[PDB]
């Protein structure tokens, strides 16, 4: 059938009730400076559709949007909030966000539209956005009749679904997780995205020129060593050259043809001088295509800023992700790529970039949750955790720990956090499974509490059907009971890792909320720009650095109280590169 609603030509009093489901539709996937195609409001008085030009030009409606005492229930309120920010309109009073509610209830559902969330509660009186707008080249806003009913149906679904979603959240002990963590964070992410990060495009272009030169040199050096020209960026063409023309050993047979992955070539390097060059070529090639050309493509022509979008409802562990561009994967590990960060600068003159990061948050969280005496003491002494681990598993004094020993102990710690497995560790350290198993046994002997936790968390996952984080985020693991070893093992590793990675995510999210409250209380001009999993990047007047050096670490370190202290390091400088 059809859903009744008023297609209003002007805003009316009854459309401004103090409780309503609100839809401010932005169809463009990237909502920055994007158009709002329509508005829908559902409240105690009825269902309404408003043309944006009319609603957003009405002083009464705008005041309503900005009145924190007028409560709104929405789906992906950040999208609407940011689209409105670009129009100079403030959105306040969002008391419920269906996207975040659904995400917390079950991140694996992949809910990305009202229909998907409603289907969770057997409500299907609303169409999927894709069905209405289509996808790809066929994407398009339907005629008003169609658009209007869709927005109203979405608003009606939100209106109806709020109660049941909140009820289940409460049963899961996630009510505060939504109301006191994710929703307030949503508003903070909106400010960060809207603020954007300034890019020194002239610096990027010059780096681009220099890379084009080096890339040319390496490219020619590769054709020279191969005795012919070919597409180096073609794993297929590359494979023929390496394993056929040059007769290099085939140590890995992937899906189709051969494998020319990083660790495969790293092992082939000793056989021919071409391998090193191919690796370097790929390194520089990625910098050019993605961090030079790709980045320049998304920099706003006028402001020279990039405005990422933090997807707050995607990862299975509670982390955020970043896109167009992804500002959470800018090079830093290799010096040549790290230079890219010199192109990220403060948005105002005489300002600086300030970066604060948690030191070993994952292992500190593990110590807390597993309550391992040895691991908690290590952090209480603020020891170099990898050196300490080597001392324990290899039974040597601190002075006897060699560089190679620390390296392997470090790999063991990663394995432990990721969900330790003979095969996995062996593959990473390039050693036998038995040897890797020996390392693992030694680790558990030194950290019996961690062994206990890994055993218990897997059992708990099987009993309850899910695992939880410090702030009650959850992840269902049905595969934990699979009689297929490989499938079950994936689930077991997830049971071990999710509480760690997820809890670390919970912590920094609270740190961000606490920090913004502090910045506001102090009326500092400093503001957050980015979050990179265990670090927070801000920009501020140079005159605020001394205050930031004390405030940021303290806030981050005190976000939550664990059985071991939380440690935060920080640096600042003229560019992101210099904030080291």
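Positions refer to the first chain, counted from 1. Note that the rigid core is defined as the largest set of C-alphas that superpose within 1.5 Å between two forms.
Two stretches, 414 to 422 and 80 to 88, are weighed by how far their CA atoms sit from the shown form in 8 other deposited structures of this protein after rigid core superposition; the farther one is 414 to 422.
RMS Cα deviation from the shown model in 8 other deposited structures of this protein, rigid core fit, is larger for 434 to 442 than for the other stretch of the pair 434 to 442 / 90 to 98. Comparing 506 to 514 with 275 to 283, the higher mean C-alpha B-factor in the PDB entry belongs to 275 to 283. Look at the C-alpha B-factors of 197 to 205 and of 249 to 257. On average they run higher in 249 to 257. Annotation for 221, 493, 79, 333: 221 ranks highest, by Cα B-factor.
For the set 477, 169, 361, 141, the PDB entry puts the maximum C-alpha B factor at 141.
Among all modelled residues in this chain, the alpha-carbon of residue 230 has a temperature factor (C-alpha) in the highest third. Ranked against the other modelled residues of its chain, the C-alpha B-factor of residue 184 as given in the entry falls in the lowest third. In this PDB entry, residue 54 carries a Cα temperature factor that places it within the highest third of its chain's modelled residues.
Placement of the Cα temperature factor of residue 75 within the chain: lowest third of the modelled residues, per the deposited record.
Sort the modelled residues of the chain by CA B factor and residue 60 lands in the highest third.
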